[PDB]
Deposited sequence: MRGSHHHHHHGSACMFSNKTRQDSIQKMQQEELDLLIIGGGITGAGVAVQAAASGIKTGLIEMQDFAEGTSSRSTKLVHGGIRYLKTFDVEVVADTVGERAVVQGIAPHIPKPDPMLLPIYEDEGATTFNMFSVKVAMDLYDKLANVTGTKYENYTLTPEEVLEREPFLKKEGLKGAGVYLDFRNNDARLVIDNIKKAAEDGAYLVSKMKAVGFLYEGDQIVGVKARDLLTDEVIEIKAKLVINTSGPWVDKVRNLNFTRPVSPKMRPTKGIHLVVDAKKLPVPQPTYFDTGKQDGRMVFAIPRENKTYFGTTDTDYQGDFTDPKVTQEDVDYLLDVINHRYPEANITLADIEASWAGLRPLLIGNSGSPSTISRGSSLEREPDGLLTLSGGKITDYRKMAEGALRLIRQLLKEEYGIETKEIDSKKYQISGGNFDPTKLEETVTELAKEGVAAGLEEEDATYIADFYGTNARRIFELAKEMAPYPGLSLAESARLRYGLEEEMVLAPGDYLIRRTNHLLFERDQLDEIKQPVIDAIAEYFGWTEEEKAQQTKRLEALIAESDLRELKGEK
């Protein structure tokens, strides 16, 4: 009853009846973070997202919160300083999301110029730690001799190995970070509508005072009045600005594509995130990263033109990434045939982040990275509060976003294990396996409680376990799942990181969702056909010649 299709319909109607203080365009991490800070400050807030929440770039990143340690090679210390400081801030407000996962960075001497050597990587990590106040911490950096490295990863290229550095950085489920931000703002009374696209502006003089939005489920278009409209559409930032035709819009964005590939862990069983120069002397570094029972690689950097909602993996990208990986791991012999899942996204690159008011009144928050996200929203709020005070003489609350914990993260950021262990008991008590109880505690954090409540008093959907049925029900009832892909792709890691177990639950999931919505056989068939398209896409069936 909290955040579902019904809630959405309520919000759609409410947004047409009352003038909002702020209308947000874009339901990615940027807009999600602004929405959370606005609602918590006591501001009539609305947010429209044409796709599912996080379906943009916020669910296509490398899935970590890091500080960009490579930028220290050119001495961009302020950029690196701001980012690593936010690393701990985000951990503090979303303890169940970003988790510490020390990086292993091997150095070679037989591949030409490198980002670091044995000596400079040590200095780099010490500075990295200093800027992050990690220097004393247990996550304090250190180095490893070639032998010690080969211990952790005996399949790594031995030729040229000079050793490695091990420093702290965070693995992070980006889609979840966005959703569990959205859910907070909702809990704080904001109107949040997915599947709604901004398609034109409402004007008073030359000033924007609302938007024409198309309900993408009914195709009906409504008017939404608002005192302030802020554009947080990521790589779509210019397309939204260009809805206004007053003057030549100078482009502020120039998005590049990056892809990622997933393989079963056994084929390349890195025990921890591994980062290194490509060996191609192209000025790039690539990862190999464990997640559940897979490792995944990227990434990739190409100029892009075309559909922004569905960027695709090309054989050029696969050749490059697999060329890099097989060079670094001489005996893994990985090919397209081993790829279980994949994904591609567009970087919202400027020309870090930018906050602008344009002549027509439109506010735009662009660029940046997921890690910077709540620092970006803070700047936006500072200006939004000022503008509300100025132009509408309306006062608002001052909050401390660095301490405002999002949905499911309302617990001591220092006690993740104790909180998971404690919640895992309630789950076993709700009637679930200890394994599933723990996974759910760690994944949804505090929200696991609600999931367990639903598990205790419900009958599992046909073809699904009680644990799985509880999660799906929760997603449908409190995470605005509208399509099976939202759930299998975005609310969970089924598609990307559990592909070998997807086929067993795919249909049962669609059945239960179509059941919950009361779909026609027409709609259920349309939804099914679409899911298959998304799966075939991630599976790279076309590149495999299937």
> Deposited sequence versus model: which ranges have no CA atoms?
Replying inline: 1-13, 365-375, 571
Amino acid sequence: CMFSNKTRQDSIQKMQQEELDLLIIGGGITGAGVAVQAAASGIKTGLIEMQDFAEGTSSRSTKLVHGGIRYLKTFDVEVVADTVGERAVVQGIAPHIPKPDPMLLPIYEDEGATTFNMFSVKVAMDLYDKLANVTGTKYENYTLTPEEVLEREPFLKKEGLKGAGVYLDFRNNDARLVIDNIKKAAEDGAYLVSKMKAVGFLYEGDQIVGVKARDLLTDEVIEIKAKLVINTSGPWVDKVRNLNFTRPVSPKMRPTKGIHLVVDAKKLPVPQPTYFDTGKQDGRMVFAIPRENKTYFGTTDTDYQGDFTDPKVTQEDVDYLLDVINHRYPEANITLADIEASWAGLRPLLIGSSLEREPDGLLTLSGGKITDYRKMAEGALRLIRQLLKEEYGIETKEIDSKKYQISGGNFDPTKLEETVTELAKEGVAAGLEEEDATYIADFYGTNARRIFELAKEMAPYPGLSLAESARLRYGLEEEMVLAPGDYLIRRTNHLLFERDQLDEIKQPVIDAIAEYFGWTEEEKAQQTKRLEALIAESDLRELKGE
From here on, numbers count along this sequence of modelled residues.
> According to the deposited model, is the average Cα temperature factor higher in 479-487 or in 516-524?
Replying inline: 516-524
> Out of 291-299 and 127-135, which stretch has the higher average CA B-factor listed in the record?
Replying inline: 127-135
> Which one, 55, 49, 498, 503, has the peak C-alpha temperature factor per the PDB entry?
Replying inline: 503
> From 277, 310, 453, 319, which pick has the Cα B-factor that tops the rest in the entry?
Replying inline: 453
> In terms of the CA temperature factor given in the entry, to which third of its chain does residue 421 belong: lowest, middle or highest?
Replying inline: highest
> Taking the entry's C-alpha B-factors for this chain, is residue 155 in the lowest, middle or highest third?
Replying inline: middle
>> Looking at the temperature factor on the CA atom of residue 38, which third of the chain's modelled residues does it land in?
In response: middle
> Lowest, middle or highest third of the chain for the C-alpha temperature factor of residue 238?
Replying inline: lowest
> Is the Cα B-factor recorded for residue 379 in the lowest, middle or highest third of its chain?
Replying inline: middle
